[PDB]
Amino acid sequence: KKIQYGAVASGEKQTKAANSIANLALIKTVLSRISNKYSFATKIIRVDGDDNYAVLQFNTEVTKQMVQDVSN
Amino acid sequence: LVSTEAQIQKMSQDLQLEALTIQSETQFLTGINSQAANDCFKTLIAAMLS
Amino acid sequence: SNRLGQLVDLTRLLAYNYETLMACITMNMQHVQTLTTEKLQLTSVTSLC
Amino acid sequence: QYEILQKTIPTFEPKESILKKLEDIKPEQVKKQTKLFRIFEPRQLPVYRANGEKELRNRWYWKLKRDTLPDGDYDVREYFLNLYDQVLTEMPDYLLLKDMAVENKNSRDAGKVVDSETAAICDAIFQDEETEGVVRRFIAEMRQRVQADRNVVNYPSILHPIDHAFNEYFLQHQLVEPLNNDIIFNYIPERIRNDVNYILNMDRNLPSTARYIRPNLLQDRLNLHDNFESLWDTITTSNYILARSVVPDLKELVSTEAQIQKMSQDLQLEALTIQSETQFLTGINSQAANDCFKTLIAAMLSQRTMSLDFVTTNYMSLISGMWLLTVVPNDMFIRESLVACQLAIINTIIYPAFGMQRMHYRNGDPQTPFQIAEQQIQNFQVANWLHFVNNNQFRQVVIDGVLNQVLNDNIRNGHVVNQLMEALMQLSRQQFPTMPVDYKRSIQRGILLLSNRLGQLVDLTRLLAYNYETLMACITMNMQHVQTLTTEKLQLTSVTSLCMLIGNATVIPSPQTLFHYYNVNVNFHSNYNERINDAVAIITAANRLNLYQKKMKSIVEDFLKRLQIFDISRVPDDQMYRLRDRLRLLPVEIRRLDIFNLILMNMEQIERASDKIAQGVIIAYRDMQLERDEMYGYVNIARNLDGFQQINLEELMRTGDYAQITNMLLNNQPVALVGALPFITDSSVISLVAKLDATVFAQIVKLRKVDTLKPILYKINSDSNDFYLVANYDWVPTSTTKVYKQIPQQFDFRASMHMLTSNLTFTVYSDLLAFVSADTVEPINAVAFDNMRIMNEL
Amino acid sequence: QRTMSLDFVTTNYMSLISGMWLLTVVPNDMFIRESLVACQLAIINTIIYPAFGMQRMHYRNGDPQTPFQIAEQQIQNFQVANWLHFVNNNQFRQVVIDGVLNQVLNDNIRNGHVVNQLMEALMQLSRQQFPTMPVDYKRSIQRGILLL
Amino acid sequence: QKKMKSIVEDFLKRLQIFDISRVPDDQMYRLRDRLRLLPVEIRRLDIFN
Amino acid sequence: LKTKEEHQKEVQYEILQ
RNA sequence: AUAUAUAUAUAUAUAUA
């Protein structure tokens, strides 16, 4: 069975040096679109393949609604 | 509108926030999308009419 | 400051879509300070300019 | 035994364009035309007498070739900008008539006419039995006149007078200048043919025929270094990588592969192992001497700003930085990184040597810490070197029409090293009173590895300022000194590999890679001023033709495209509409200005002499006699739009307020509509008596639209049916509305012959530095601007 | 009467010392002028003028004086300037014999005597110290002269 | 109606060293012009008269 | 470079030839 | 009769007619 699969190939030499590019350059974009509603100032964006975190520092104290409306 | 891929690459290479003296934070260019410029046109007229 | 010619042309538009929308206003346009404020982000103003 | 399971991947085409370096930009392929520029063509039409009856003979008339005129008065001006872009690509650089000259089929002696079309015309008149005799006798004595001593010819033509003024302008205004031996040597710049080391030679001498097309090498009328800091960054990173290609490799590094085999088979015989006479240091290689020689020359010739990269804990990289700031002027090193290197020499090498307190240098002080330590220091020899570094500047002089920034005269000599090593010796004989003794021994061991190299460092300064001086003759565009955005990292641990690993072998740039650096700075600079003038001639012709609706981002989008080094889609509308305000203020080049006036003077004679478009209809609501013509018979035509109030249908569609016309069309006022209407022909006469021509305008009142207007142009003649009403009854035909339309001109054959002239033979040559074959004098004795040689140190 | 462009490399001075013999026997209007000049300038600028210590010869191309005609005036030795008066003035002398015209040489080359004039000019470049040249390159360019 | 070039085309052909096609058209009209100002030979003229 | 200019010679010498 | 990609740290082992 020959299945067409044009996506990324986990198993190249490239599979970790370009999972840290393609995931940093993705989350640098999705952190730009949520700044139309909440104005913040991001501090670090650490990325490890898929698994990444990105600390956001706000103006006010973080409440139970800014956590819910960023996760949404 | 002006395309977002054009204005950001002129704004992130004239500002050059990555090569600044401060490295305590990751600095990049935020909120230059085509949804906030379309939203500041709605807010700045409707909060002025009413 | 280099974007001047396309920014003279925005406030000519921002004060024309205000100018002819205000003609469809029958209620009195009284101006006082309201309690709850509609929040505007300056990161959304640096996108319109 | 397989089975294929394939799915739909969504297509994604990102906005991009190809970018070439300056090394491979193809020069402009020269245009020579094949046939004449024809826009009018003679045509055979029936003729009708004053009665209206058809005559036995026929008549010839000038009509357009492919008369496709769009309707509405704005679309006509959009056609004539499109015609103006059609004459420019057909305009030839050199035009010979021996390539386009076909035989006349019948003449007195068998001569040639100038085109295949104008021979097809002159044989159409000969076999036409209805033609006159004296027209046929004129085709017989229609031959060429050839003169060999001045090599010009005179071929006849049959051209329209609008067509003739476009072809006569192509012949007298050509871009060919004569070429011989004494003008090939003027193509080489003055600082190379008046140089001792290069000896210029050529084999063949060119005849008294051969011509060449000179490039318009005038400086950039756009000031793309002024306020354009994103376009000047990419027009100097495209010049820095070209200049890096032509800077030659050092002779201590490079040799061929077989010479390693040629030096390995005799190494055990001739024991020469410490001939190189250097003390080794960790971090010293020859691949960084060859690198720092190229990023010091090619960052000066393109005016990039270098950025120093170093570590503070290397006491030798800071000593080798003292040579760097005293040769390269400090305006090139970037201020945030010149200062952190200029302060590190002060707080480590200079101020502990005198025992002074290390300076409190706050961030962003306006005085650089060499300009604040020539006042605070009290020596004389290390306060004389700190005065040269504080006032080492480029000297903007204009040479051969090209402003380029020569170095100071002491740097080309080498005397700056004798100012540094005179100062680097007094600083080594100091006591270092505050610091311990091993810190004194750590500098005095390292400052003496550089004072032992005075003969090899007074000569690196000669060679570095001669390779920069020689290669700078090959530029053509105006080098301006403006700090660029992105910087070029020069590692200061790679100047140390340059300062103490060179020796006794001049590397002089060979003349085959000077002629290549000059033929790609002409092929880009002539591909610059032929894209300015191609994009100014459309911007000025858009405003002159009154195109208020054309967004002129597009004809600056392709100006930045044809310069092959810019990416368009990452240059926004901000940096393409500021550029329109600069290209508008420029004067359009004389070949394009003299040919736009040849369209603008008669853009009303091309528009009026064509069918399927009529320039407005007039309405009268009264019977008036329609005038008799010979190509139409009886036609409701009006040659002048006089006596009637006019409505501009370009404006009636623009503003769209129809309240003027629909209040003037119900009350039956005489109105002359003005525009460009498609007219239909109603050749029947019983449609004229039934007054069909008045019933077409009432669709402007019920329906607002005015583009669906078709005025009626009658034609009453003998071939029309029911014609006997005009014959029997003594009446002249009367219409209500007549069309403002112009009569086509007659094809008078003896008045339309034109004697086009051009030369007999050219041999147009592409580049001229293929002929002159240069060679360099032996680099042991190679002469600087002083008549003493370089690499003179033993 | 076919003209004759020269071809040489400026580094190889031994093909340039024999370039002195070519000019003094073959007439100087035989060569195409932009290569005759670059051959006489290549002899002066690296053999003749460094032999006497004087500075290098900056030469505009569009100059009606052939570069030996300048150095014949400006050199001070007589053994090597009286040879530069021969290279500047051995052109073809037109004579008409038996009804036809033929470019005939002079009687100072047809008997071979002018080579004796060169060998007093060429030998004195071998005695002159080249007062800035390195010693291993002066003796390799003085012994190369004594091969001719 | 006689192309005088064609008399000079095979004049350069009988002279075995030139070929016909590579001569420029500048010089086949000088060679046509320099060939008319000459007089004819006495034995080719007396047989023409 | 050497082959590109030696081809540039024989296209420019051949217009003369 | 015999299938286990790539990168990052860390540890263990090994080099010889």
# chains A, B, ... in the order shown; residues from 1 in each chain; ligands from 1
$ residues_around --residues "residue 7 of chain F" --least-positions-apart "4" --cutoff "9 Å" --atoms "only C-alpha atoms (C1' of nucleotides)" --output "number ranges by chain"
F: 3, 11, 32
$ write_last_selection --atoms "N, CA, C and O atoms" --output "PDB file, in the first residue's frame"
ATOM      1  N   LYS F   3      21.679  44.540 -62.866  1.00  0.00           N
ATOM      2  CA  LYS F   3      22.365  44.756 -61.602  1.00  0.00           C
ATOM      3  C   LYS F   3      23.863  44.777 -61.851  1.00  0.00           C
ATOM      4  O   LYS F   3      24.467  43.739 -62.131  1.00  0.00           O
ATOM      5  N   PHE F  11      33.408  39.146 -60.524  1.00  0.00           N
ATOM      6  CA  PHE F  11      34.764  39.665 -60.642  1.00  0.00           C
ATOM      7  C   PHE F  11      35.588  39.269 -59.426  1.00  0.00           C
ATOM      8  O   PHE F  11      36.774  38.954 -59.549  1.00  0.00           O
ATOM      9  N   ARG F  32      32.069  49.086 -57.350  1.00  0.00           N
ATOM     10  CA  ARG F  32      31.268  49.355 -58.536  1.00  0.00           C
ATOM     11  C   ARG F  32      31.539  50.756 -59.058  1.00  0.00           C
ATOM     12  O   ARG F  32      31.435  50.997 -60.263  1.00  0.00           O
TER      13      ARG F  32
END
$ interface_residues --of "chain D" --to "chain E" --cutoff "9 Å" --atoms "only C-alpha atoms" --output "ChimeraX atom specification"
/D:181-182,185,193-197,199-205,775-781,783,787-789,792
$ write_last_selection --atoms "N, CA and C atoms" --output "mmCIF file, in the first residue's frame"
data_model
loop_
_atom_site.group_PDB
_atom_site.id
_atom_site.type_symbol
_atom_site.label_atom_id
_atom_site.label_comp_id
_atom_site.auth_asym_id
_atom_site.auth_seq_id
_atom_site.Cartn_x
_atom_site.Cartn_y
_atom_site.Cartn_z
ATOM 1 N N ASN D 181 40.200 52.429 -32.405
ATOM 2 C CA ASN D 181 41.172 52.041 -31.384
ATOM 3 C C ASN D 181 41.314 53.097 -30.300
ATOM 4 N N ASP D 182 41.274 54.368 -30.672
ATOM 5 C CA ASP D 182 41.494 55.439 -29.714
ATOM 6 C C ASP D 182 40.276 55.734 -28.850
ATOM 7 N N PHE D 185 40.331 52.560 -25.661
ATOM 8 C CA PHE D 185 41.168 52.873 -24.511
ATOM 9 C C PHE D 185 40.563 53.948 -23.619
ATOM 10 N N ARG D 193 44.638 52.675 -16.842
ATOM 11 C CA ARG D 193 45.513 52.864 -17.991
ATOM 12 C C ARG D 193 46.638 53.851 -17.703
ATOM 13 N N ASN D 194 46.487 54.715 -16.698
ATOM 14 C CA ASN D 194 47.585 55.538 -16.205
ATOM 15 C C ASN D 194 48.239 54.925 -14.977
ATOM 16 N N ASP D 195 48.269 53.600 -14.904
ATOM 17 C CA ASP D 195 48.925 52.871 -13.833
ATOM 18 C C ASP D 195 50.115 52.119 -14.403
ATOM 19 N N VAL D 196 51.182 52.034 -13.615
ATOM 20 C CA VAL D 196 52.437 51.476 -14.102
ATOM 21 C C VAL D 196 52.366 49.956 -14.186
ATOM 22 N N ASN D 197 51.736 49.312 -13.198
ATOM 23 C CA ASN D 197 51.796 47.862 -13.063
ATOM 24 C C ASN D 197 51.040 47.108 -14.150
ATOM 25 N N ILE D 199 49.887 46.590 -18.090
ATOM 26 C CA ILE D 199 50.345 46.904 -19.439
ATOM 27 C C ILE D 199 49.308 46.403 -20.430
ATOM 28 N N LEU D 200 48.752 47.324 -21.208
ATOM 29 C CA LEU D 200 47.531 47.096 -21.966
ATOM 30 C C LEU D 200 47.868 46.878 -23.432
ATOM 31 N N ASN D 201 47.290 45.842 -24.021
ATOM 32 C CA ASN D 201 47.704 45.336 -25.319
ATOM 33 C C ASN D 201 46.463 44.924 -26.094
ATOM 34 N N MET D 202 46.513 45.076 -27.414
ATOM 35 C CA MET D 202 45.414 44.621 -28.253
ATOM 36 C C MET D 202 45.940 44.247 -29.627
ATOM 37 N N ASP D 203 45.251 43.309 -30.272
ATOM 38 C CA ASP D 203 45.717 42.767 -31.543
ATOM 39 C C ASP D 203 45.092 43.484 -32.733
ATOM 40 N N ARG D 204 43.769 43.486 -32.815
ATOM 41 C CA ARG D 204 43.069 43.945 -34.003
ATOM 42 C C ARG D 204 42.640 45.392 -33.864
ATOM 43 N N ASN D 205 42.698 46.123 -34.969
ATOM 44 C CA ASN D 205 42.168 47.475 -35.038
ATOM 45 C C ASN D 205 40.841 47.485 -35.781
ATOM 46 N N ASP D 775 47.735 42.756 -18.961
ATOM 47 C CA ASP D 775 48.574 41.857 -18.185
ATOM 48 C C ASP D 775 49.334 42.684 -17.161
ATOM 49 N N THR D 776 49.746 42.030 -16.080
ATOM 50 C CA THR D 776 50.346 42.717 -14.947
ATOM 51 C C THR D 776 51.852 42.487 -14.884
ATOM 52 N N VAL D 777 52.561 43.514 -14.416
ATOM 53 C CA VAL D 777 53.986 43.401 -14.149
ATOM 54 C C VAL D 777 54.172 42.510 -12.930
ATOM 55 N N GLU D 778 55.274 41.731 -12.927
ATOM 56 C CA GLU D 778 55.764 40.844 -11.876
ATOM 57 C C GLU D 778 55.632 41.477 -10.498
ATOM 58 N N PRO D 779 54.905 40.843 -9.576
ATOM 59 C CA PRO D 779 54.578 41.499 -8.303
ATOM 60 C C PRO D 779 55.737 41.643 -7.328
ATOM 61 N N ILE D 780 56.941 41.156 -7.631
ATOM 62 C CA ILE D 780 58.092 41.488 -6.795
ATOM 63 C C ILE D 780 58.372 42.983 -6.867
ATOM 64 N N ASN D 781 58.374 43.540 -8.076
ATOM 65 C CA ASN D 781 58.502 44.979 -8.273
ATOM 66 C C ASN D 781 57.185 45.518 -8.828
ATOM 67 N N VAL D 783 54.450 48.805 -8.177
ATOM 68 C CA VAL D 783 54.651 50.178 -7.738
ATOM 69 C C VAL D 783 53.334 50.737 -7.221
ATOM 70 N N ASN D 787 56.478 56.103 -6.084
ATOM 71 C CA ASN D 787 57.205 55.288 -7.042
ATOM 72 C C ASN D 787 58.102 54.249 -6.384
ATOM 73 N N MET D 788 58.175 54.220 -5.056
ATOM 74 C CA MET D 788 58.738 53.075 -4.362
ATOM 75 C C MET D 788 57.772 51.904 -4.436
ATOM 76 N N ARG D 789 58.310 50.700 -4.337
ATOM 77 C CA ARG D 789 57.475 49.526 -4.482
ATOM 78 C C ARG D 789 56.861 49.130 -3.148
ATOM 79 N N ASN D 792 58.517 45.711 -0.037
ATOM 80 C CA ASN D 792 59.947 45.963 -0.109
ATOM 81 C C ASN D 792 60.700 45.424 1.091
#
$ atom_distance --atom1 "atom CA of residue 485 of chain D" --atom2 "atom CA of residue 233 of chain D"
6.1 Å
$ residues_around --residues "segment 12-15 of chain B" --least-positions-apart "5" --cutoff "12 Å" --atoms "only C-alpha atoms (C1' of nucleotides)" --output "NGL selection string"
(:B and (4-7 or 20 or 27-30 or 32)) or (:D and (227-231 or 233-234 or 484-486 or 570-571))
$ select_by_dssp --residues "chain B" --states "alpha helix (DSSP H)" --output "list in words"
residues 4, 5, 6, 7, 8, 9, 10, 11, 12, 13, 14, 37, 38, 39, 40, 41, 42, 43, 44, 45, 46, 47, 48 and 49 of chain B
$ interface_residues --of "chain G" --to "chain F" --cutoff "12 Å" --atoms "only C-alpha atoms" --output "PyMOL selection string"
chain G and resi 14-17
$ write_last_selection --atoms "N, CA and C atoms" --output "short mmCIF file (atom, residue, chain, number, x, y, z; two decimals), in the first residue's frame"
data_model
loop_
_atom_site.label_atom_id
_atom_site.label_comp_id
_atom_site.auth_asym_id
_atom_site.auth_seq_id
_atom_site.Cartn_x
_atom_site.Cartn_y
_atom_site.Cartn_z
N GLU G 14 34.24 37.54 -33.93
CA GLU G 14 33.54 36.94 -35.06
C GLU G 14 32.59 37.89 -35.76
N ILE G 15 32.16 38.97 -35.10
CA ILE G 15 31.40 39.98 -35.83
C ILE G 15 32.30 40.71 -36.81
N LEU G 16 33.58 40.86 -36.45
CA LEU G 16 34.55 41.43 -37.38
C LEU G 16 34.87 40.46 -38.51
N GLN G 17 34.90 39.16 -38.21
CA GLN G 17 35.31 38.17 -39.19
C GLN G 17 34.23 37.85 -40.20
#
$ closest_atom_pairs --of "chain B" --to "chain C" --cutoff "6 Å" --atoms "only C-alpha atoms" --output "CSV"
residue,atom,partner,partner_atom,distance
B:31,CA,C:43,CA,5.7
B:32,CA,C:47,CA,4.8
B:36,CA,C:44,CA,5.0
B:37,CA,C:48,CA,4.3
$ interface_residues --of "chain H" --to "chain A" --cutoff "10 Å" --atoms "only C-alpha atoms (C1' of nucleotides)" --output "list in words"
residues 5, 6, 7 and 8 of chain H
$ interface_residues --of "chain A" --to "chain B" --cutoff "6 Å" --atoms "only C-alpha atoms" --output "count of residues only"
5
$ atom_distance --atom1 "atom CA of residue 179 of chain D" --atom2 "atom CA of residue 516 of chain D"
21.1 Å
$ residues_around --residues "residue 539 of chain D" --least-positions-apart "4" --cutoff "10 Å" --atoms "only C-alpha atoms (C1' of nucleotides)" --output "list in words"
residues 533, 534, 535, 543, 544, 552, 555, 556, 580, 581, 583, 584, 585 and 588 of chain D
$ interface_residues --of "chain D" --to "chain G" --cutoff "12 Å" --atoms "only C-alpha atoms" --output "ChimeraX atom specification"
/D:23-24,202-212,245-246,511-517,519,762-773
$ write_last_selection --atoms "C-alpha atoms" --output "mmCIF file, in the first residue's frame"
data_model
loop_
_atom_site.group_PDB
_atom_site.id
_atom_site.type_symbol
_atom_site.label_atom_id
_atom_site.label_comp_id
_atom_site.auth_asym_id
_atom_site.auth_seq_id
_atom_site.Cartn_x
_atom_site.Cartn_y
_atom_site.Cartn_z
ATOM 1 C CA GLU D 23 27.623 38.832 -11.202
ATOM 2 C CA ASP D 24 24.929 37.459 -13.520
ATOM 3 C CA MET D 202 45.414 44.621 -28.253
ATOM 4 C CA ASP D 203 45.717 42.767 -31.543
ATOM 5 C CA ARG D 204 43.069 43.945 -34.003
ATOM 6 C CA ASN D 205 42.168 47.475 -35.038
ATOM 7 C CA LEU D 206 38.547 48.201 -35.772
ATOM 8 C CA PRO D 207 37.467 49.675 -39.132
ATOM 9 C CA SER D 208 35.903 53.036 -39.976
ATOM 10 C CA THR D 209 32.497 51.301 -39.941
ATOM 11 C CA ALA D 210 32.110 49.642 -36.540
ATOM 12 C CA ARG D 211 29.817 51.264 -33.982
ATOM 13 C CA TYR D 212 28.962 50.733 -30.329
ATOM 14 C CA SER D 245 34.503 38.076 -5.301
ATOM 15 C CA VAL D 246 37.167 40.267 -6.939
ATOM 16 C CA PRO D 511 43.606 42.880 -14.814
ATOM 17 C CA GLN D 512 41.259 40.138 -15.966
ATOM 18 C CA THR D 513 39.343 40.533 -12.687
ATOM 19 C CA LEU D 514 39.379 44.320 -12.910
ATOM 20 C CA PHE D 515 37.681 44.251 -16.303
ATOM 21 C CA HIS D 516 35.079 41.876 -14.881
ATOM 22 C CA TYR D 517 34.399 44.059 -11.840
ATOM 23 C CA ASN D 519 31.747 45.212 -16.702
ATOM 24 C CA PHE D 762 27.368 48.808 -39.297
ATOM 25 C CA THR D 763 28.964 46.112 -37.173
ATOM 26 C CA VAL D 764 27.519 46.872 -33.729
ATOM 27 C CA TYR D 765 29.858 45.567 -31.017
ATOM 28 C CA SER D 766 28.562 44.441 -27.642
ATOM 29 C CA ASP D 767 31.390 44.969 -25.140
ATOM 30 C CA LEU D 768 34.703 46.611 -25.870
ATOM 31 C CA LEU D 769 37.031 45.065 -23.289
ATOM 32 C CA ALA D 770 37.192 41.803 -25.193
ATOM 33 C CA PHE D 771 39.653 43.465 -27.561
ATOM 34 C CA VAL D 772 42.171 44.989 -25.139
ATOM 35 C CA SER D 773 44.129 42.175 -23.472
#
$ closest_atom_pairs --of "chain A" --to "chain C" --cutoff "12 Å" --atoms "only C-alpha atoms" --output "tab-separated table"
residue	atom	partner	partner_atom	distance
A:32	CA	C:43	CA	10.1
A:33	CA	C:44	CA	10.5
A:34	CA	C:43	CA	11.0
A:35	CA	C:43	CA	7.4
A:36	CA	C:44	CA	6.1
A:37	CA	C:41	CA	7.3
A:38	CA	C:41	CA	7.9
A:39	CA	C:41	CA	6.8
A:40	CA	C:43	CA	9.7
A:41	CA	C:43	CA	11.1
$ decode --residues "segment 30-44 of chain A" --atoms "N, CA, C and O atoms" --output "mmCIF file, in the first residue's frame"
data_model
loop_
_atom_site.group_PDB
_atom_site.id
_atom_site.type_symbol
_atom_site.label_atom_id
_atom_site.label_comp_id
_atom_site.auth_asym_id
_atom_site.auth_seq_id
_atom_site.Cartn_x
_atom_site.Cartn_y
_atom_site.Cartn_z
ATOM 1 N N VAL A 30 0.991 32.849 16.475
ATOM 2 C CA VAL A 30 -0.228 32.712 17.260
ATOM 3 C C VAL A 30 -0.165 33.552 18.533
ATOM 4 O O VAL A 30 -1.201 33.808 19.152
ATOM 5 N N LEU A 31 1.023 34.000 18.944
ATOM 6 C CA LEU A 31 1.126 34.981 20.014
ATOM 7 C C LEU A 31 0.942 36.397 19.505
ATOM 8 O O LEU A 31 0.805 37.316 20.316
ATOM 9 N N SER A 32 0.960 36.595 18.192
ATOM 10 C CA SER A 32 0.715 37.914 17.637
ATOM 11 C C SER A 32 -0.767 38.178 17.455
ATOM 12 O O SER A 32 -1.197 39.331 17.530
ATOM 13 N N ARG A 33 -1.557 37.134 17.217
ATOM 14 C CA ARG A 33 -2.976 37.315 16.953
ATOM 15 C C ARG A 33 -3.802 37.453 18.220
ATOM 16 O O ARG A 33 -4.885 38.040 18.171
ATOM 17 N N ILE A 34 -3.327 36.931 19.357
ATOM 18 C CA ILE A 34 -4.055 37.128 20.608
ATOM 19 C C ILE A 34 -3.742 38.463 21.255
ATOM 20 O O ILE A 34 -4.327 38.785 22.296
ATOM 21 N N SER A 35 -2.858 39.263 20.665
ATOM 22 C CA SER A 35 -2.581 40.601 21.157
ATOM 23 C C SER A 35 -3.487 41.658 20.547
ATOM 24 O O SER A 35 -3.162 42.844 20.620
ATOM 25 N N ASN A 36 -4.598 41.261 19.926
ATOM 26 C CA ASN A 36 -5.625 42.229 19.568
ATOM 27 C C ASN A 36 -6.578 42.495 20.716
ATOM 28 O O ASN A 36 -7.291 43.501 20.689
ATOM 29 N N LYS A 37 -6.614 41.612 21.711
ATOM 30 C CA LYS A 37 -7.545 41.720 22.821
ATOM 31 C C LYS A 37 -6.851 41.978 24.148
ATOM 32 O O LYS A 37 -7.283 42.842 24.913
ATOM 33 N N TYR A 38 -5.785 41.248 24.444
ATOM 34 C CA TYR A 38 -5.013 41.444 25.662
ATOM 35 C C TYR A 38 -3.639 41.955 25.274
ATOM 36 O O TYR A 38 -2.963 41.342 24.446
ATOM 37 N N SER A 39 -3.238 43.085 25.841
ATOM 38 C CA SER A 39 -1.919 43.642 25.583
ATOM 39 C C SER A 39 -0.959 43.192 26.667
ATOM 40 O O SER A 39 -1.133 43.532 27.839
ATOM 41 N N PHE A 40 0.065 42.458 26.259
ATOM 42 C CA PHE A 40 0.999 41.840 27.181
ATOM 43 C C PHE A 40 2.420 42.074 26.709
ATOM 44 O O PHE A 40 2.651 42.868 25.796
ATOM 45 N N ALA A 41 3.375 41.384 27.312
ATOM 46 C CA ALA A 41 4.770 41.529 26.918
ATOM 47 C C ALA A 41 5.444 40.190 27.174
ATOM 48 O O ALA A 41 5.780 39.881 28.319
ATOM 49 N N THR A 42 5.631 39.407 26.116
ATOM 50 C CA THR A 42 6.173 38.066 26.260
ATOM 51 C C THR A 42 7.642 38.108 26.653
ATOM 52 O O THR A 42 8.374 39.042 26.321
ATOM 53 N N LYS A 43 8.062 37.098 27.409
ATOM 54 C CA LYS A 43 9.360 37.114 28.065
ATOM 55 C C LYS A 43 10.302 36.054 27.514
ATOM 56 O O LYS A 43 11.413 36.378 27.092
ATOM 57 N N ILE A 44 9.901 34.792 27.506
ATOM 58 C CA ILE A 44 10.663 33.757 26.824
ATOM 59 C C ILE A 44 9.708 32.945 25.980
ATOM 60 O O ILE A 44 8.529 32.797 26.310
#
